[PDB]
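K.L.:
One structure, pasted below without further comment.
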Amino acid sequence: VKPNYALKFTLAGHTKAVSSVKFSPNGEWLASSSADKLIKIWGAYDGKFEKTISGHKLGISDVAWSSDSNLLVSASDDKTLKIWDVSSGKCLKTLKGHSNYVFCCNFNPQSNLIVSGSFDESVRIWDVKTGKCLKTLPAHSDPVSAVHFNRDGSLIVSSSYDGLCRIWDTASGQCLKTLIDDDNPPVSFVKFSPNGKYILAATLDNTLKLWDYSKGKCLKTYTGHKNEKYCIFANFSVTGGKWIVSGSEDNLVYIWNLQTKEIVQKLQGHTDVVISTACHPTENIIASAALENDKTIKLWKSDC
Amino acid sequence: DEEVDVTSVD
């Protein structure tokens with residue numbers, strides 16, 4: 001009925017704010033990106049440092065794995081994305097086109113495509129093999145906070161400070177839906193549920209919401225945590241019970257019962273805003289990461 | 001309000 005995540009590992013290495021953490025699909029590795037311009041690879045189970053990957057000229061806001069755990073795309077303030085062969089650590093491609101910071105990115109499940117969102121208010125679709133930008137979508141009238149493909153790559157969802165979440169048809173680049181609430185607070189994060197039927201979004205008014213994307217109907221609502229300034233990554237946790245994990249500007253990691261919307265746990269340990277969390281694909285492991293005054297990445301584990 | 005299945009792909 002409740003999880004009991006407890007601290008197991010603290011990973012130190014980044015010399016400025018951490019910005020995102022992601023578990024490789026095969027569950028072996030955790031990748032992290034930082035304002036210190038670096039990507040770092042760590043063992044997913046022992047928090048043991050693997051390697052450092054470099055090349056970006058400015059800080060990095062997001063990183064993301066290909067489905068086969070072998071490549072990584074990163075998005076940075078240097079106005080580019082890079083694609084990386086993880087085991088060799090070489091930059092396969094540099095993706096050029098955005099005219100300001102690239103804030104978020106992701107592979108499709110096929111991983112022949114890459115989607116990015118930028119401060120320039122655009123969402124772009126890139127071809128992995130060539131590095132070429134396939135489509136540029138005029139997605140928002142403010143910076144784009146998150147971008148994500150659904151389970152089959154047919155749909156992209158995107159969120160923005162302009163207050164909107166939009167669903168796009170990958171094939172045509174057509175806007176299929178615009179999610180409108182009552183007050184349209186800046187949307188600082190969005191992602192699909194694993195089946196791709198629902199979408200989780202976070203708003204800069206201390207609220208996470210679960211939406212039925214088709215009906216365009218908000219359903220569950222999760223509050224209690226703190227989010228009014230930073231884009232905090234949130235998650236569906238589904239390896240044990242069913243929960244919703246989010247970072248929080250009160251230095252805590254919050255955990256919710258998916259159904260009741262009640263807080264079932266709050267993890268103490270960090271010393272600055274918890275900017276990003278991730279959930280292990282198979283194990284009840286949660287990875288968390290923090291801003292400038294902490295710089296550490298923590299790994300927690302639970303039985304439920 | 002009502003149950004929601006987030007993992008099932010039917």
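By order in the structure tokens, chains are A, B, ...; within a chain, residues start at 1; ligands start at 1, following the order shown.
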Could you list, as a PyMOL selection string, every residue of chain A that has an atom within 10 Å of an atom of chain B, counting only C-alpha atoms?

P.N.:
chain A and resi 151+192-199+210+212+219-221+236+238+242+258-261

K.L.:
Print the selection's residues with N, CA, C and O atoms to a file, as a CSV table (one decimal), in the first residue's frame.

P.N.:
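Writing the result to result_0.csv gives the following:
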chain,number,residue,atom,x,y,z
A,151,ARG,N,4.3,5.8,-27.0
A,151,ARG,CA,4.8,4.4,-27.1
A,151,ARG,C,5.2,4.0,-28.5
A,151,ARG,O,6.0,3.0,-28.6
A,192,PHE,N,4.2,11.3,-21.7
A,192,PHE,CA,3.2,10.2,-21.8
A,192,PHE,C,3.4,9.2,-20.7
A,192,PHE,O,4.5,8.9,-20.2
A,193,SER,N,2.2,8.5,-20.4
A,193,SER,CA,2.2,7.3,-19.6
A,193,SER,C,2.8,6.2,-20.5
A,193,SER,O,2.8,6.4,-21.7
A,194,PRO,N,3.2,5.1,-19.9
A,194,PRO,CA,3.8,4.1,-20.7
A,194,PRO,C,2.9,3.5,-21.8
A,194,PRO,O,3.5,3.0,-22.8
A,195,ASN,N,1.6,3.5,-21.6
A,195,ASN,CA,0.8,3.0,-22.7
A,195,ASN,C,0.4,4.0,-23.7
A,195,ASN,O,-0.1,3.8,-24.7
A,196,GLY,N,0.8,5.3,-23.3
A,196,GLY,CA,0.6,6.4,-24.2
A,196,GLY,C,-0.8,6.9,-24.3
A,196,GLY,O,-1.2,7.7,-25.2
A,197,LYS,N,-1.6,6.5,-23.3
A,197,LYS,CA,-3.0,6.9,-23.3
A,197,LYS,C,-3.3,8.2,-22.5
A,197,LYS,O,-4.2,8.9,-22.8
A,198,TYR,N,-2.4,8.4,-21.5
A,198,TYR,CA,-2.5,9.5,-20.6
A,198,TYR,C,-1.2,10.4,-20.7
A,198,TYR,O,-0.2,9.9,-21.2
A,199,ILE,N,-1.3,11.6,-20.2
A,199,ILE,CA,-0.1,12.4,-20.2
A,199,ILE,C,0.0,13.1,-18.8
A,199,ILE,O,-1.0,13.6,-18.3
A,210,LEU,N,-2.9,14.5,-14.2
A,210,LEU,CA,-3.0,13.4,-15.2
A,210,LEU,C,-4.2,13.7,-16.2
A,210,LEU,O,-5.3,13.8,-15.8
A,212,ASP,N,-6.5,12.6,-19.6
A,212,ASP,CA,-6.9,11.7,-20.7
A,212,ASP,C,-6.7,12.5,-22.0
A,212,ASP,O,-7.6,13.4,-22.3
A,219,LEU,N,-8.0,14.4,-14.9
A,219,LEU,CA,-8.6,13.4,-14.1
A,219,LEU,C,-8.1,13.4,-12.6
A,219,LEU,O,-8.8,13.8,-11.7
A,220,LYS,N,-6.9,12.9,-12.4
A,220,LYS,CA,-6.2,13.0,-11.1
A,220,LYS,C,-5.4,14.3,-11.0
A,220,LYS,O,-5.0,14.9,-12.0
A,221,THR,N,-5.3,14.7,-9.8
A,221,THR,CA,-4.5,15.9,-9.5
A,221,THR,C,-3.6,15.6,-8.3
A,221,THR,O,-4.1,14.9,-7.3
A,236,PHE,N,6.0,8.3,-13.9
A,236,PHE,CA,5.1,7.2,-13.5
A,236,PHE,C,6.0,6.1,-13.0
A,236,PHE,O,7.0,5.7,-13.7
A,238,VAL,N,6.1,2.3,-11.8
A,238,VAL,CA,5.2,1.2,-12.1
A,238,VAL,C,5.8,-0.2,-11.9
A,238,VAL,O,5.2,-1.2,-12.4
A,242,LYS,N,1.9,1.5,-7.9
A,242,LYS,CA,1.7,2.6,-8.9
A,242,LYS,C,1.8,3.9,-8.3
A,242,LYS,O,0.9,4.3,-7.5
A,258,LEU,N,-1.0,6.7,-7.1
A,258,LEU,CA,-1.5,7.1,-8.4
A,258,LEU,C,-3.0,7.4,-8.4
A,258,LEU,O,-3.5,8.4,-8.9
A,259,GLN,N,-3.7,6.5,-7.7
A,259,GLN,CA,-5.2,6.5,-7.6
A,259,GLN,C,-5.8,7.5,-6.6
A,259,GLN,O,-6.6,8.3,-7.0
A,260,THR,N,-5.3,7.4,-5.4
A,260,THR,CA,-5.9,8.2,-4.3
A,260,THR,C,-5.4,9.7,-4.4
A,260,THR,O,-6.1,10.6,-3.9
A,261,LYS,N,-4.2,9.9,-5.0
A,261,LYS,CA,-3.6,11.2,-5.1
A,261,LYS,C,-3.1,11.6,-3.7
A,261,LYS,O,-2.9,12.8,-3.5

K.L.:
List the spatial neighbours of residue 130 (chain A) as a VMD selection string - criterion: any atom at most 12 Å away, only C-alpha atoms, same-chain residues fewer than 2 positions off excluded.

P.N.:
chain A and resid 83 92 to 96 112 to 114 126 to 128 132 to 134

K.L.:
Leaving out residue 251 (chain A) and any residue of its chain fewer than 5 positions from it, which residues lie within 7 Å of it when counting only C-alpha atoms, given as a VMD selection string?

P.N.:
chain A and resid 270 to 274

K.L.:
Could you write out the selected residues, including N, CA and C atoms, as a short mmCIF file (atom, residue, chain, number, x, y, z; two decimals), in the first residue's frame?

P.N.:
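Listing of out.cif after writing:
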data_model
loop_
_atom_site.label_atom_id
_atom_site.label_comp_id
_atom_site.auth_asym_id
_atom_site.auth_seq_id
_atom_site.Cartn_x
_atom_site.Cartn_y
_atom_site.Cartn_z
N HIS A 270 18.49 15.72 0.13
CA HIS A 270 19.12 16.77 -0.68
C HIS A 270 19.17 18.10 0.05
N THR A 271 19.92 19.05 -0.50
CA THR A 271 20.16 20.32 0.19
C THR A 271 19.87 21.47 -0.74
N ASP A 272 19.32 21.15 -1.92
CA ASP A 272 18.82 22.16 -2.85
C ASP A 272 17.68 21.58 -3.67
N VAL A 273 17.05 22.44 -4.46
CA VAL A 273 15.92 22.03 -5.28
C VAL A 273 16.19 20.69 -5.95
N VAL A 274 15.20 19.81 -5.92
CA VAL A 274 15.31 18.54 -6.63
C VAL A 274 14.69 18.71 -8.01
#

K.L.:
Set the distance at 10 Å and use only C-alpha atoms: which residues neighbour residue 159 (chain A) once local chain neighbours fewer than 6 positions away are removed? I'd like the list as an mmCIF file with N, CA and C atoms, in the first residue's frame.

P.N.:
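Saved the output as out10.cif:
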data_model
loop_
_atom_site.group_PDB
_atom_site.id
_atom_site.type_symbol
_atom_site.label_atom_id
_atom_site.label_comp_id
_atom_site.auth_asym_id
_atom_site.auth_seq_id
_atom_site.Cartn_x
_atom_site.Cartn_y
_atom_site.Cartn_z
ATOM 1 N N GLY A 117 12.986 20.472 -28.018
ATOM 2 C CA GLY A 117 12.274 21.710 -27.777
ATOM 3 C C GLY A 117 13.255 22.751 -27.302
ATOM 4 N N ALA A 139 5.513 25.399 -32.480
ATOM 5 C CA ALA A 139 4.717 24.773 -31.416
ATOM 6 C C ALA A 139 4.132 25.705 -30.349
ATOM 7 N N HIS A 140 4.848 26.768 -30.007
ATOM 8 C CA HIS A 140 4.430 27.557 -28.864
ATOM 9 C C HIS A 140 4.841 28.999 -29.016
ATOM 10 N N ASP A 142 6.119 30.552 -26.338
ATOM 11 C CA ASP A 142 7.083 30.701 -25.241
ATOM 12 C C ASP A 142 8.045 29.510 -25.204
ATOM 13 N N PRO A 143 9.032 29.530 -24.303
ATOM 14 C CA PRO A 143 9.979 28.418 -24.399
ATOM 15 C C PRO A 143 9.301 27.068 -24.157
ATOM 16 N N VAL A 144 9.799 26.044 -24.837
ATOM 17 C CA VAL A 144 9.292 24.685 -24.729
ATOM 18 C C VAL A 144 10.017 23.940 -23.613
ATOM 19 N N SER A 145 9.249 23.448 -22.646
ATOM 20 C CA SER A 145 9.806 22.879 -21.419
ATOM 21 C C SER A 145 10.096 21.376 -21.487
ATOM 22 N N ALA A 146 9.250 20.634 -22.184
ATOM 23 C CA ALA A 146 9.475 19.204 -22.354
ATOM 24 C C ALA A 146 9.038 18.739 -23.745
ATOM 25 N N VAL A 147 9.503 17.575 -24.181
ATOM 26 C CA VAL A 147 9.029 16.983 -25.429
ATOM 27 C C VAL A 147 9.212 15.484 -25.339
ATOM 28 N N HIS A 148 8.278 14.727 -25.908
ATOM 29 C CA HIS A 148 8.233 13.292 -25.674
ATOM 30 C C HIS A 148 7.422 12.567 -26.761
ATOM 31 N N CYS A 165 -0.173 22.365 -23.447
ATOM 32 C CA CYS A 165 0.387 21.084 -23.875
ATOM 33 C C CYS A 165 -0.238 20.835 -25.220
ATOM 34 N N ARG A 166 0.558 20.373 -26.181
ATOM 35 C CA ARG A 166 0.052 20.100 -27.523
ATOM 36 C C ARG A 166 0.453 18.721 -27.974
ATOM 37 N N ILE A 167 -0.451 18.061 -28.690
ATOM 38 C CA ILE A 167 -0.141 16.766 -29.269
ATOM 39 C C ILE A 167 0.036 16.937 -30.767
ATOM 40 N N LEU A 179 -4.269 21.258 -25.107
ATOM 41 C CA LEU A 179 -4.848 21.048 -23.794
ATOM 42 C C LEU A 179 -5.076 22.370 -23.087
ATOM 43 N N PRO A 186 1.945 28.351 -16.608
ATOM 44 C CA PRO A 186 3.088 27.855 -17.379
ATOM 45 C C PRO A 186 3.249 26.368 -17.144
ATOM 46 N N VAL A 187 3.394 25.595 -18.217
ATOM 47 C CA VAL A 187 3.602 24.153 -18.100
ATOM 48 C C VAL A 187 5.103 23.835 -18.187
ATOM 49 N N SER A 188 5.643 23.284 -17.103
ATOM 50 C CA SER A 188 7.086 23.134 -16.975
ATOM 51 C C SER A 188 7.570 21.715 -17.242
ATOM 52 N N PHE A 189 6.638 20.807 -17.456
ATOM 53 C CA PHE A 189 7.029 19.457 -17.797
ATOM 54 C C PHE A 189 5.846 18.677 -18.335
ATOM 55 N N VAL A 190 6.104 17.793 -19.294
ATOM 56 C CA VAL A 190 5.080 16.867 -19.738
ATOM 57 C C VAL A 190 5.665 15.540 -20.230
ATOM 58 N N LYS A 191 4.951 14.442 -19.996
ATOM 59 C CA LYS A 191 5.314 13.165 -20.612
ATOM 60 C C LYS A 191 4.123 12.208 -20.713
ATOM 61 N N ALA A 201 1.459 16.170 -16.687
ATOM 62 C CA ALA A 201 2.014 17.504 -16.858
ATOM 63 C C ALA A 201 2.166 18.218 -15.526
ATOM 64 N N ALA A 202 3.147 19.106 -15.440
ATOM 65 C CA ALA A 202 3.393 19.848 -14.212
ATOM 66 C C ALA A 202 3.194 21.316 -14.489
ATOM 67 N N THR A 203 2.585 22.026 -13.557
ATOM 68 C CA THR A 203 2.394 23.454 -13.757
ATOM 69 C C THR A 203 3.025 24.236 -12.630
#

K.L.:
Which value, in Å to one decimal, gives the distance between CA of residue 90 (chain A) and CA of residue 299 (chain A)?

P.N.:
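Going from CA of residue 90 (chain A) over to CA of residue 299 (chain A) covers 27.5 Å.
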